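Trainee:
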Amino acid sequence: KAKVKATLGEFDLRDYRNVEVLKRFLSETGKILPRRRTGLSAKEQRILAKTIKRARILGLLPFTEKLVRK
Amino acid sequence: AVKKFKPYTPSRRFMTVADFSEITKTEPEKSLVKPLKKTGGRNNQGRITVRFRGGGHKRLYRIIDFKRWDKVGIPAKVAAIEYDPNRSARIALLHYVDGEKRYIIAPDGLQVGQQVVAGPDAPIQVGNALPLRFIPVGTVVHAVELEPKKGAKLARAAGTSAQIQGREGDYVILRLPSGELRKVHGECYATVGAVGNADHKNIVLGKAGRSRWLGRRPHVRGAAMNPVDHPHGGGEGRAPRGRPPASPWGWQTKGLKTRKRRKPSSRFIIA
Amino acid sequence: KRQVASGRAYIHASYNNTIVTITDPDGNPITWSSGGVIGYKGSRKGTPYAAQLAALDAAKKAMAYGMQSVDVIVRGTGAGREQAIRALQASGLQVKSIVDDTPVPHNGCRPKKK
Amino acid sequence: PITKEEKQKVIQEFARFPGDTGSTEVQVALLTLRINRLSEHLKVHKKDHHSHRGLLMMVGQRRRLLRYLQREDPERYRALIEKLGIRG
Amino acid sequence: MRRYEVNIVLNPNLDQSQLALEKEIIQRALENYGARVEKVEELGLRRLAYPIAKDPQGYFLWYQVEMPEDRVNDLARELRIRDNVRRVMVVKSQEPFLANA
RNA sequence: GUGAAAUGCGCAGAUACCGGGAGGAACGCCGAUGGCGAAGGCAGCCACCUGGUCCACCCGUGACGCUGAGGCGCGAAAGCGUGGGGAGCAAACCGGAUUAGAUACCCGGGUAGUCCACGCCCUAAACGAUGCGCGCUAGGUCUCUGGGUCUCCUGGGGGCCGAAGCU
RNA sequence: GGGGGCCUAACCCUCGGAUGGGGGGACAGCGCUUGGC
Ligand SMILES: [Mg+2]
Ligand SMILES: [Mg+2]
Ligand SMILES: [Mg+2]
Ligand SMILES: [Mg+2]
Ligand SMILES: [Mg+2]
Ligand SMILES: [Mg+2]
Ligand SMILES: [Mg+2]
Ligand SMILES: [Mg+2]
Ligand SMILES: [Mg+2]
Ligand SMILES: [Mg+2]
Ligand SMILES: [Mg+2]
Ligand SMILES: [Mg+2]
Ligand SMILES: [Mg+2]
Ligand SMILES: [Mg+2]
Ligand SMILES: [Mg+2]
Ligand SMILES: [Mg+2]
Ligand SMILES: [Mg+2]
Ligand SMILES: [Mg+2]
Ligand SMILES: [Mg+2]
Ligand SMILES: [Mg+2]
Ligand SMILES: [Mg+2]
Ligand SMILES: [Mg+2]
Ligand SMILES: [Mg+2]
Ligand SMILES: [Mg+2]
Ligand SMILES: [Mg+2]
Ligand SMILES: [Mg+2]
Ligand SMILES: [Mg+2]
Ligand SMILES: [Mg+2]
Ligand SMILES: [Mg+2]
Ligand SMILES: [Mg+2]
Ligand SMILES: [Mg+2]
Ligand SMILES: [Mg+2]
Ligand SMILES: [Mg+2]
Ligand SMILES: [Mg+2]
Ligand SMILES: [Mg+2]
Ligand SMILES: [Mg+2]
Ligand SMILES: [Mg+2]
Ligand SMILES: [Mg+2]
Ligand SMILES: [Mg+2]
Ligand SMILES: [Mg+2]
Ligand SMILES: [Mg+2]
Ligand SMILES: [Mg+2]
Ligand SMILES: [Mg+2]
Ligand SMILES: [Mg+2]
Ligand SMILES: [Mg+2]
Ligand SMILES: [Mg+2]
Ligand SMILES: [Mg+2]
Ligand SMILES: [Mg+2]
Ligand SMILES: [Mg+2]
Ligand SMILES: [Mg+2]
Ligand SMILES: [Mg+2]
Ligand SMILES: [Mg+2]
Ligand SMILES: [Mg+2]
Ligand SMILES: [Mg+2]
Ligand SMILES: [Mg+2]
Ligand SMILES: [Mg+2]
Ligand SMILES: [Mg+2]
Ligand SMILES: [Mg+2]
Ligand SMILES: [Mg+2]
Ligand SMILES: [Mg+2]
Ligand SMILES: [Mg+2]
Ligand SMILES: [Mg+2]
Ligand SMILES: [Mg+2]
Ligand SMILES: [Mg+2]
Ligand SMILES: [Mg+2]
Ligand SMILES: [Mg+2]
Ligand SMILES: [Mg+2]
Ligand SMILES: [Mg+2]
Ligand SMILES: [Mg+2]
Ligand SMILES: [Mg+2]
Ligand SMILES: [Mg+2]
Ligand SMILES: [Mg+2]
Ligand SMILES: [Mg+2]
Ligand SMILES: [Mg+2]
Ligand SMILES: [Mg+2]
Ligand SMILES: [Mg+2]
């Protein structure tokens with residue numbers, strides 16, 4: 019419905035720095051988005067999450083943003 | 002860790018003595034400005050003021066550097082770790098490059114040939130002492146002054162130690178070996194690390210005799226006496242406390258705080 | 011404490027009783043209510059209706075101080091969940107926002123026997 | 002881990018001929034190094050048991066091979082075993 | 001010797017003068033551990049997802065080095081000692097794995 | 001707090017809200033019909049030390065193999081020893097309720113223990129209830145991992161349906 | 001007059017003599033008086 023991968027070109031998904039890239043996988047809660055929404059490969063999804071977490075430690079990414087309007 | 006003994010005699014089957022591995026091939030103490038006379042089982046009137054003392058082995062007194070700030074910046078080599086019959090801890094005879102020699106309580110980890118030093122400058126390398134206000138919050142530390150310029154008095158027993166909990170004004174929070182939370186002053190020096198010989202708490206005297214060599218006379222129960230001697234006296238056949246447990250002087254002795262009330266030292270503590 | 015127009019509303023809703031607490035932008039409370047305050051006791055306290063009434067009462071008491079604008083913040087799952095909110099609509103306060111800040115561990119503390 | 006170079010100091014030294022990278026002499030030497038590495042490791046990581054199994058396997062693998070070499074030729078054995086210094 | 005990517009995050013509310021002072025300690029320590037540097041990046045202040053040390057912002061760095069893999073742990077220890085250092089993090093350098101290429 | 005309650009806590013100011021601090025234990029989303037390990041078993045992140053395993057090149061030694069009584073090593077949870085640590089949970093224990101009774105299921109309390117170091121214990125539905133190795137005997141489909149110019153071929157794992165056959 | 005906070009110089013502790021430095025501090029100690037155990 020909006021495969022996150024096709025929404026952006028070539029990118030080094032190991033880079034734990036490009037916020038605008040990774041940020042598009044975190045949902046409106048900080049929850050690392052499922053492979054049923056990122057559409058990545060088995061390996062892709064993995065090394066991804068690892069680099070995401072890496073970022074969240076430097077403060078480049080949220081652990082949980084509170085649920086907005088509802 | 003601790004030397005045991007085969008039961009070739011009773012009371013030898015149980016007794017364990019400390020291993021002196023750390024003790025650096027040094028029997029004699031630093032005869033120099035280090036040893037000194039020592040004595041005495043009761044007070045300056047002839048009267049006994051501490052029951053059940055005396056008879057211990059003879060002992061020379063090793064002079065220990067507790068201030069360690071009169072040699073700021075001057076480094077020193079850890080020449081030796083020596084045995085010391087006056088404290089639970091082992092001591093370290095260090096040779097200052099200055100040429101002067103001094104005894105410091107040897108901490109854990111410390112071993113001969115350390116470039117130990119003391120001053121605000123000093124690194125957070127173990128063995129080094131520096132005013133509390135400079136030591137990074139969290140660092141375990143020992144041999145702390147209580148007020149500035151009055152030598153170490155906290156955490157000196159074997160394997161003891163206090164931790165820095167945080168700051169607040171000119172004071173730093175410590176958690177003493179007891180567990181007390183306390184605001185100690187900033188300028189108060191404190192040598193980094195924890196006290197050597199932590200295995201001490203694990204020796205087992207084994208026989209009644211061993212206690213005697215330590216200068217401890219036998220200790221007699223209140224119950225074993227007569228009413229004339231002790232509150233618990235009157236032992237008409239192994240009898241129970243007449244209520245409620247009390248000292249030879251008549252004050253209660255099972256939970257009964259004795260710390261003074263309006264002590265000024267009070268407001269610097271936290272339970 | 012003092013009179014203020016802007017503010018916030020916290021909705022605590024557990025399966026056993028719902029409770030709301032109005033507070034100024036800093037977070038410091040102004041007024042509160044709950045199934046017990048209203049009059050209900052025991053099982054009824056968990057009722058969405060109870061939760062409704064308490065919401066109105068807390069809102070009502072609030073408008074008295076000067077409350078008008080209020081960001082809504084919910085923590086719970088109780089029957090008065092959205093119900094407390096539906097009551098903040100018709101409250102007479104401007105429902106400036108609505109957010110779920112229900113606490114939830116990243117798996118750390120062992121739960122009760124349930 | 003063992004350095005790529007460190008392996009050659011061994012391989013080059015134990016081969017019977019240039020390009021030899023499989024002679025019993027070599028495999029044994031190649032294990033022996035790797036064995037002693039683990040040995041010295043577990044000497045500090047007493048708790049690491051899974052790795053200790055590795056050591057048993059590797060020690061066993063070596064143990065077999067020496068049977069074989071001592072079997073078909075006692076000469077390279079009495080020598081090789083001596084160079085690496087084992088069996089004692 | 002191995003390649004690393006030493007991140008470091010410092011207190012933003014400090015002056016620019018002491019900023020140079022802390023950067024000095026970074027270097028000396030780096031050298032004391034034979035951390036010969038390479039392509040370095042200093043992305044300055046940035047938006048933190050969560051208040052690190054009660055502070056909504058933070059000054060960033062990022063290096064790349066060769067050094068004995070043994071003294072890499074000891075190094076991170078030396079860095080964190082400063083108060084204005086909020087987040088040291090050494091990482092194994094890795095060739096860019098890429099998808100959607 | 002429950003089926004409803006009561007014990008409990010609360011005007012000596014509790015619950016609900018915000019800020020600041022201490023401490024222990026476990027790792028949400030990723031995450032799954034998934035991966036690793038000989039088994040027991042193993043999950044935030046980081047670095048260090050280390051075991052096993054798979055694919056390719058067809059270069060090396062040339063049967064050096066398989067199994068394996070004893071022996072040795074590992075071996076969940078509980079439990080034991082000495083000494084640490086103790087937030088949550090929680091046998092025993094205490095109270096409330098339920099019931100004819102209720103040493104229980106439910107509720108309020110609660111200690112060993114759960115955690116760390118070192119040393120024992122050596123059991124289990126330690127279950128695939130399926131000992132290890134090697135060759136042989138249709139395929140269809142889902143998935144994990146590797147190699148090759150790649151709508152397909154070629155290895156090694158994890159599943160389901162099913163030839164022959166077995167039962 | 002009561003309560004909170006800070007100060008230093010009484011008073012107390014301490015620092016290689018100090019007419020001074022550091023720490024505590026109108027507290028504590030001590031005097032008279034009050035009630036209690
Ligand atoms: Mg003399
Ligand atoms: Mg004397
Ligand atoms: Mg010297
Ligand atoms: Mg006695
Ligand atoms: Mg008698
Ligand atoms: Mg008499
Ligand atoms: Mg009496
Ligand atoms: Mg009497
Ligand atoms: Mg009798
Ligand atoms: Mg009596
Ligand atoms: Mg008693
Ligand atoms: Mg008294
Ligand atoms: Mg009801
Ligand atoms: Mg084997
Ligand atoms: Mg032959
Ligand atoms: Mg042998
Ligand atoms: Mg032998
Ligand atoms: Mg022999
Ligand atoms: Mg031998
Ligand atoms: Mg022999
Ligand atoms: Mg009160
Ligand atoms: Mg209050
Ligand atoms: Mg709460
Ligand atoms: Mg709080
Ligand atoms: Mg604070
Ligand atoms: Mg605690
Ligand atoms: Mg903590
Ligand atoms: Mg599984
Ligand atoms: Mg396996
Ligand atoms: Mg299982
Ligand atoms: Mg697990
Ligand atoms: Mg782990
Ligand atoms: Mg699992
Ligand atoms: Mg091929
Ligand atoms: Mg050939
Ligand atoms: Mg050949
Ligand atoms: Mg061959
Ligand atoms: Mg041939
Ligand atoms: Mg067997
Ligand atoms: Mg256990
Ligand atoms: Mg205990
Ligand atoms: Mg215990
Ligand atoms: Mg409980
Ligand atoms: Mg219970
Ligand atoms: Mg009880
Ligand atoms: Mg009955
Ligand atoms: Mg019972
Ligand atoms: Mg009973
Ligand atoms: Mg009974
Ligand atoms: Mg009961
Ligand atoms: Mg029943
Ligand atoms: Mg307990
Ligand atoms: Mg027991
Ligand atoms: Mg316990
Ligand atoms: Mg535990
Ligand atoms: Mg621990
Ligand atoms: Mg045994
Ligand atoms: Mg076991
Ligand atoms: Mg099973
Ligand atoms: Mg089988
Ligand atoms: Mg292939
Ligand atoms: Mg195609
Ligand atoms: Mg194939
Ligand atoms: Mg697999
Ligand atoms: Mg297959
Ligand atoms: Mg007036
Ligand atoms: Mg007036
Ligand atoms: Mg002054
Ligand atoms: Mg002053
Ligand atoms: Mg004077
Ligand atoms: Mg002054
Ligand atoms: Mg003063
Ligand atoms: Mg006074
Ligand atoms: Mg008086
Ligand atoms: Mg009295
Ligand atoms: Mg009384």
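Chains as they are written, first to last, in the UniProt record's numbering: chain Y, 19 to 88; chain C, 2 to 272; chain P, 11 to 124; chain G, 2 to 89; chain H, 1 to 101.
We put the beta carbon where it would ideally sit given N, CA and C, even for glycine.
Can G:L34 and G:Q62 be called in contact, C-beta distance under 8 Å?
Mentor: No, they are not a contact pair.
Trainee: What is the DSSP secondary structure of C:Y97, reduced to helix, strand or coil?
Mentor: Three-state result, C:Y97: strand.
Trainee: What are the boundary residues of the beta strand (DSSP E) that P:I48 is part of?
Mentor: Taken as a continuous stretch (DSSP letters only), P:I48 belongs to no beta strand (DSSP E), being part of the alpha helix (DSSP H) at 45–48.
Trainee: Please go through the same chain and pick out, in chain order, the residues whose beta-carbon is closer than 8 Å to the beta-carbon of C:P246, but skip the five residues on each side of it.
Mentor: Excluding positions up to five away in sequence, the list reads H233, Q253, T254, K255.
Trainee: Of all Cβ atoms in chain P, is any one closer than 8 Å to the Cβ of Y:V86?
Mentor: Yes, its Cβ sits closer than 8 Å to a Cβ of chain P.
Trainee: For H:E78 and H:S93, what's the separation of their Cα atoms in angstroms?
Mentor: Whole-angstrom Cα-Cα distance: 21 Å.
Trainee: Going by Cα to Cα distance, which pick from C:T10, C:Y62, C:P76, C:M16 is closest to C:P29?
Mentor: Ranking C:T10, C:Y62, C:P76, C:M16 by Cα distance to C:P29 puts C:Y62 first.
Trainee: Is it buried or exposed for H:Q18, if we count other Cβ within 10 angstroms and need 16 for buried?
Mentor: Per the 10 Å Cβ criterion, exposed.
Trainee: Which residue's Cα is closest to the Cα of C:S89: C:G180, C:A159, C:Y104?
Mentor: It is C:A159 whose Cα lies nearest to the Cα of C:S89.
Trainee: Where DSSP assigns a beta bridge to C:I270, which residues make up the other side?
Mentor: Answer is C:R183.
Trainee: What residue from H:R47, H:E95, H:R71, H:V88 has the CA that sits closest to H:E22's CA?
Mentor: Checking every option, the nearest Cα to that of H:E22 belongs to H:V88.
Trainee: For P:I32, write down the residues that DSSP places opposite it in a beta bridge.
Mentor: P:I32 is bridged to P:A19, P:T41.
Trainee: Keeping to the same chain, check which residues put their C-beta closer than 7 Å to that of C:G55; ignore five residues upstream and five downstream.
Mentor: The answer, listed in chain order, is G42, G216, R218.
Trainee: Quick check: P:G76 and P:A15, are their CB atoms within less than 8 Å of each other?
Mentor: Closer than 8 Å, so yes.
Trainee: If you pair each beta-carbon of the segment 75–82 of chain Y with each one of the segment 10–29 of chain C, do three or more pairs fall below 8 Å?
Mentor: Verdict: no, contact absent.
Trainee: In or out: P:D34 buried (at least 16 other Cβ within 10 Å) or exposed?
Mentor: Answer is buried; the Cβ neighbour count reaches 16.
Trainee: Should Y:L79 and Y:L40 be called a contact, given that it needs their Cβ atoms to be closer than 8 Å?
Mentor: Yes, these two residues count as a Cβ contact at 8 Å.
Trainee: Quick check: is any heavy atom of ligand 11 less than 7 Å from the C-beta of C:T254?
Mentor: At least one heavy atom of ligand 11 is nearer than 7 Å to the Cβ of C:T254, so yes.
Trainee: I want to see whether chain Y comes within less than 8 Å of P:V109, judged by CB atoms only; does it?
Mentor: True, the Cβ-Cβ gap to chain Y drops below 8 Å.
Trainee: When you check each C-beta in the segment 63–96 of chain H against every C-beta of chain Y, which residues fall closer than 9 Å?
Mentor: Result list: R86, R87, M89, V91, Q94, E95, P96.
Trainee: Along chain Y, which residues have their Cβ under 9 Å away from the Cβ of H:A20?
Mentor: Correct list: empty, because the minimum Cβ distance to chain Y is about 22 Å.
Trainee: Under 9 Å Cβ-Cβ, which residues of chain H neighbour Y:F43?
Mentor: Per Cβ cutoff of 9 Å: no residues; Y:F43 is ~12 Å from chain H at best.
Trainee: I'd like to know if the segment 38–51 of chain P and the segment 92–109 of chain P are in contact, where contact means that at least 3 CB-CB pairs between them fall below 8 Å.
Mentor: No: fewer than three Cβ pairs fall under 8 Å.
Trainee: Between the segment 69–80 of chain C and the segment 111–130 of chain C, do three or more beta carbon pairs fall short of 8 Å?
Mentor: Yes, they touch.
Trainee: Using the beta-carbon count (16 or more within 10 Å), is H:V40 buried or exposed?
Mentor: By the 10 Å Cβ count, H:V40 comes out exposed.
Trainee: Leaving out five residues on either side along the sequence, give the residues of the same chain with a beta carbon under 6 Å from the beta carbon of C:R13.
Mentor: Excluding residues within five positions, the ones whose Cβ falls inside 6 Å are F6.
Trainee: According to a CB-to-CB cut-off of less than 7 Å, which residues of the segment 6–17 of chain H neighbour chain Y?
Mentor: Within the segment 6–17 of chain H, the residues whose Cβ lies closer than 7 Å to some Cβ of chain Y are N7, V9, listed in chain order.
Trainee: Between the Cα of C:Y172 and those of C:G180, C:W250, C:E146, C:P178, spot the shortest distance and give me the residue it belongs to.
Mentor: Nearest of C:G180, C:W250, C:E146, C:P178 to C:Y172, Cα basis: C:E146.
Trainee: Contact between the segment 178–186 of chain C and the segment 132–151 of chain C is defined here as three or more beta-carbon pairs at a separation below 8 Å; is this criterion met?
Mentor: A contact exists between the segment 178–186 of chain C and the segment 132–151 of chain C.
Trainee: Could you spell out where the alpha helix (DSSP H) holding P:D81 opens and where it closes?
Mentor: First-last for P:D81: 79–86, but that is the beta strand (DSSP E), not the alpha helix (DSSP H).
Trainee: If C:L177 and C:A191 are in contact, beta carbons under 8 Å, what's the gap, nearest whole angstrom?
Mentor: No, C:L177 and C:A191 are not in contact; Cβ-Cβ is about 12 Å, not under 8 Å.
Trainee: Give the interface partners of H:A101 over in chain Y, defined as CB-CB distance under 8 Å, in chain order.
Mentor: Under the 8 Å cutoff, chain Y gives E28.
Trainee: Kindly list, in the order they appear in chain Y, the residues whose Cβ is closer than 9 Å to that of H:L48.
Mentor: Here the neighbours are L76, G77, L78.
Trainee: Below 7 Å, is the gap between the Cβ of G:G86 and the nearest heavy atom of ligand 19?
Mentor: No, Cβ of G:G86 sits at least 7 Å from all heavy atoms of ligand 19.
Trainee: If we call anything under 8 Å between Cβ atoms a contact, is H:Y4 one with H:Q64?
Mentor: Yes, the Cβ-Cβ distance between H:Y4 and H:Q64 is below 8 Å.
Trainee: Are H:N7 and H:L61 closer than 8 Å when you measure CB to CB?
Mentor: In contact: H:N7 and H:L61 (Cβ atoms closer than 8 Å).
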